[PDB]
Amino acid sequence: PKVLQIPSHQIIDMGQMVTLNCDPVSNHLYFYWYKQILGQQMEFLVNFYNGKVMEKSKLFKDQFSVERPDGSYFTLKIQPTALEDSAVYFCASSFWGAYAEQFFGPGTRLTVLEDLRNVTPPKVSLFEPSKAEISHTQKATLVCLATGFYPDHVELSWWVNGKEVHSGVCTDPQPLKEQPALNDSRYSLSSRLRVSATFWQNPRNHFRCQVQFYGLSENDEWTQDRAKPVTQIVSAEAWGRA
């Protein structure tokens, strides 16, 4: 019993249309769109039942389109996209309507930019464990930095001997702005993976920090000299050492 949403991330420039898709619980009759600003304040936009938009808040711009064609996703379409539309949009559905538990999707993170020319993938560096830490604690912390990326659509994961690990890992909850002053600032993100020192010391062990970057697609034009900053993975690797 989980509501689904795609896409998880959307970057778009101004004056366009984007489509937010929601797949509500199979037998639910009431569908909702909400939006969350700056990772906290949650605001109702609009709901839908009996095949029609019903309630709308002051935040709902009627220029937006809300539909649920037979056998297709519940959708919100934002047009023309504006900078102020940037937010995480969450869909929800419920069985009995008002007083029923509303089941929320995982959200779509929409970033609207003035132009796409600044989109830039991360540089990723892996910093190896300190000999002093190993000496003092019998433990070894690897640190990974993803830097210089924009906008801040990334997910970081750690891979040991070709297998993803979660134990021993902690990644900053949010990227930090490199130049707080700017509205166009690039971001950095750090993570640690801590393993027993003897595991880091084993040269048969392979460690990889991986950053999944959400960027441009083939449908986006690119005329600048540097590589097209497409959706891609950037990783840094190292083998354990004595």
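Residue indices: 1-based, along the sequence shown.
Trainee: Comparing 70-78 with 94-102, where is the mean C-alpha B-factor higher?
Mentor: So the stretch with the higher mean C-alpha B-factor is 94-102.
Trainee: Compare the mean C-alpha B-factor of 60-68 with that of 181-189 as given in the PDB entry, and name the stretch with the higher value.
Mentor: Result: 181-189.
Trainee: Among the candidates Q210, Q41, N47, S26, give the one with the maximum CA B-factor reported in the record.
Mentor: Within the set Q210, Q41, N47, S26, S26 shows the top C-alpha B-factor.
Trainee: Specify which of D85, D152, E155, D115 carries the largest Cα B factor in the deposited PDB entry.
Mentor: In this record, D115 carries the highest C-alpha B-factor of the candidates.
Trainee: Comparing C22 with the other modelled residues of its chain, is its CA B-factor in the lowest, middle or highest third?
Mentor: Its C-alpha B-factor belongs to the lowest third of this chain's values.
Trainee: Split the chain's modelled residues into thirds by Cα B-factor; is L142 in the lowest, middle or highest one?
Mentor: It belongs to the middle third of the chain when residues are ordered by C-alpha B-factor.
Trainee: Which third of the chain does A242 land in by C-alpha B-factor: lowest, middle or highest?
Mentor: For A242, whose C-alpha B-factor we compare with every modelled residue in the chain, the answer is the highest third.
Trainee: With respect to C-alpha B-factor, does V119 fall in the lowest, middle or highest third of the chain as deposited?
Mentor: Answer is highest: the recorded C-alpha B-factor places it there.
Trainee: Could you place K228 in the lowest, middle or highest third of its chain by Cα temperature factor, using the values in the record?
Mentor: According to the entry, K228 has a C-alpha B-factor in the chain's middle third.
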